[PDB]
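So this one's two forms of a single chain, laid out as structure tokens and tagged structure 1 and structure 2.
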Structure 1
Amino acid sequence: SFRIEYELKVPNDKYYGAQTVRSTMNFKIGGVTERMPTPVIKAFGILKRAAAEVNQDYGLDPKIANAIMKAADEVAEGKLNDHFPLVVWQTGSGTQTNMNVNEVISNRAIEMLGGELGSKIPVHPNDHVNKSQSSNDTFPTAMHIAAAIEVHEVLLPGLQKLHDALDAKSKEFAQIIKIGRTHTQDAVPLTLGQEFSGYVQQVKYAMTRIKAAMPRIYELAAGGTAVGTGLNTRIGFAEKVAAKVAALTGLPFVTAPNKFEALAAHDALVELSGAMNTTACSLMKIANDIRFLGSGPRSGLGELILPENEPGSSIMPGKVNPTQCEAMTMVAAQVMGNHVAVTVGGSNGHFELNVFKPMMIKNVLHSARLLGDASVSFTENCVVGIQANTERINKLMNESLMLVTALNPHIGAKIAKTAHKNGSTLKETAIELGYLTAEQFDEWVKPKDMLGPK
């Protein structure tokens, strides 16, 4: 079932039009997995909604405006995602997605007003849906709205859950004393609470970093039009559209103070990617630490008992693996690659317009989503159920050579050397040698007194 638009066949069941069909014919790169990410499309919904309402100030008939507003909300609410077939690998201004949005909002609005789909009557994609706007200033506007929403709704709440779970564990483990490891080698004592407090600070700081990388994300290009001058838009449009987006989202969007910078570069997305990159480094460390600390159960480090969620092996009967650590550390690796892709696009602006926009936002949204979702999965399915193997930890304290120093201000090396050579404990050796009693060793050597400055 098709309709003719114009000279192109458009499926009768689709709201897009000829310019979207036109764009599908020539950009068949990577197929449907490569379709423009949903948050971009939704963000466009919010944009076209904002612009339509504001445009009533500049001669937009309220009947048309209201229908566009309603159609856009449907877009923004993810109700019309099947009407967006274009890939990331399209024109690098993202204009083809802008046209897609205009066409879909036009035809849904037209339907709503009882017109014929494809007619451009009474809602015209360019004259009404794109009123006061351009390709060059719309896609970057959507990018930033989409990035900020993803950070506030997915990324930061994920991190917060992780931070809170780690902090709870740190408190739970505050009196559990284990052997430090530096260079992977046995080192002086600290609590599991202390070590976990390190992970907490890193996630606290990851969140601080991401927040720090947001102010320029809230700057919107809308109003720059073709080259940043604002040619062919109305005075005040730029500001009023930013403000409507802010009020619709509850986020502090403002018009970009320099539209040339806003269109010719996407340095804010590179900045935000940079924050996610630091965050990936932090999470790699935390998840890899917990992976190793949970290793065994018998012939690894064995300090942590990680929740068992599924079987690990068809051959090795009863094996269970730290599979949440793995998804998280894989996501961390992906984010680091995503960042280089964003950097290469960001660096490759030409004169008035950076035309790597779709790829940059694809990578930013992918990193943000992966990090947010992994942080929740890792929290709910690993961190919250972590228990300490205190038997193992306690045995490893009593079997370590790192406590020998406690005896220095009592008896004055040979214990440690002999214990090391004989394979025995510090206590066993001290007694075998006859330098102290079993009661004495217990008096002198108190690991709870080895956990701070004196």
Structure 2
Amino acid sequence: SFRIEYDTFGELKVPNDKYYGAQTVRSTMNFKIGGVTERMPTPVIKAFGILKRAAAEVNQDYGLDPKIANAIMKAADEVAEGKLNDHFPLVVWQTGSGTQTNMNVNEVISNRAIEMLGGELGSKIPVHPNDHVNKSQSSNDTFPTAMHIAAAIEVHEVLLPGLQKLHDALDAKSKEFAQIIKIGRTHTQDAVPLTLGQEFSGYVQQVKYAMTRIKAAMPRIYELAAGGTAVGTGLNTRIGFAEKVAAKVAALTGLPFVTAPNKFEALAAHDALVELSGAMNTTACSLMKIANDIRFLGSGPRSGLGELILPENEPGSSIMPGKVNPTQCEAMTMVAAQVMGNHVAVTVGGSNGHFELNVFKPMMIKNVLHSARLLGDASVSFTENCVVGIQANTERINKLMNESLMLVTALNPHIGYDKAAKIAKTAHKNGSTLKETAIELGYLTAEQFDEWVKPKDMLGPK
């Protein structure tokens, strides 16, 4: 149930049902770090299929046999569509250039193309992993290209649409809560009123600005290293390959990829990934604040803040009515913490390039893709399983507005500062309301209190 292949170090058993070859088996033997959960992220694998599909078509310009190119293109399409994920067993913790994964991409695409052509698996005929599938490319400029394709597609498909959905649901709730006045909190102390809508509109703005920040990190991610070859000069590739492969990847993906203007900058560093991680890191801070607020605003039922009633998506206890754990807030704030740690990992790698090549590439793109997927998915989950079903506990909020000591300043132009203060002090001492106290002190009538103390008039400048 295995075939025998060879590398210059010896013979290796390759399972008959696997499209990878000797280079990949050897790689598995030498990089056993962390297990299966540490396998190279699927979006990197798919991005490699896109790049190899692109290169094969372009290389027809540079002597690649059209019949061989087309089988390569078809096989690379299968990789890009996620039909061959089981033929990539290598972990992130390999070489820092991601060379093993490039070799394994080349082998899988070679062997599947060979199969399509009716050839023998493991024979390198008629499709050679290096000479055909890796034609005009280098170990050093392929993985970086795969990283950026992967990141851009993830931001485009997962991260940004997730945040947009969250934005829209937060905005919708903002409008729904536009007339519900509650007591502000500063330093967590009671403070002057604001609407739930105003408070939520802050969250909306943060998510809005988060999307702008992420978008602003994308132009440098669209720059591709393909064509720099070994050290940046483009030695051993062809004139035109850099520009054509970028345009081809752009046509296949519909994203505006271009070749990096400076290939030395593109190979020796991944500052673009650091900046993209940076924008996600800010996004995590916004989302930590939005989810934690909502967590606390939904606390109760009676020893908390109790402003919000959160959807209950999973069974509680009938003898515990009103008690609902803010589960999605917890998922979201945990993601937020992860992103911040991922950002430090990304940063340490990005800072440690040496001369012509940064060799921390797999760990950098892992952490960027991890953060982008978590943020996107959590946004969608948080939206659908919490935000959209949020209701205001208007009964409890109205009660707490009436029990507040904050509104007492509304009395000042009518009874003066000292009578207003004495009302607040006495209410504070007796555990009664401003109105009850103000009446008992004979300072005003109930009818006067209602006319003079209007929360709706305490929501803006004059």
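Shifts are known only where both forms have a C-alpha. Only the largest set of C-alpha atoms that superpose within 1.5 Å between the two forms is called the rigid core. Residue indices: 1-based, along structure 1.
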Using a core superposition, identify the member of 187, 340, 231, 316 whose Cα displacement between the two structures reaches 2 Å or more. 316
If the core is used for the superposition, what shift in Å does the C-alpha of residue 299 show between the two structures? 1.1
Runs in sequence order between the two structures, three or more residues long, with CA shifts of 2 Å or more on the rigid core: 311 to 320
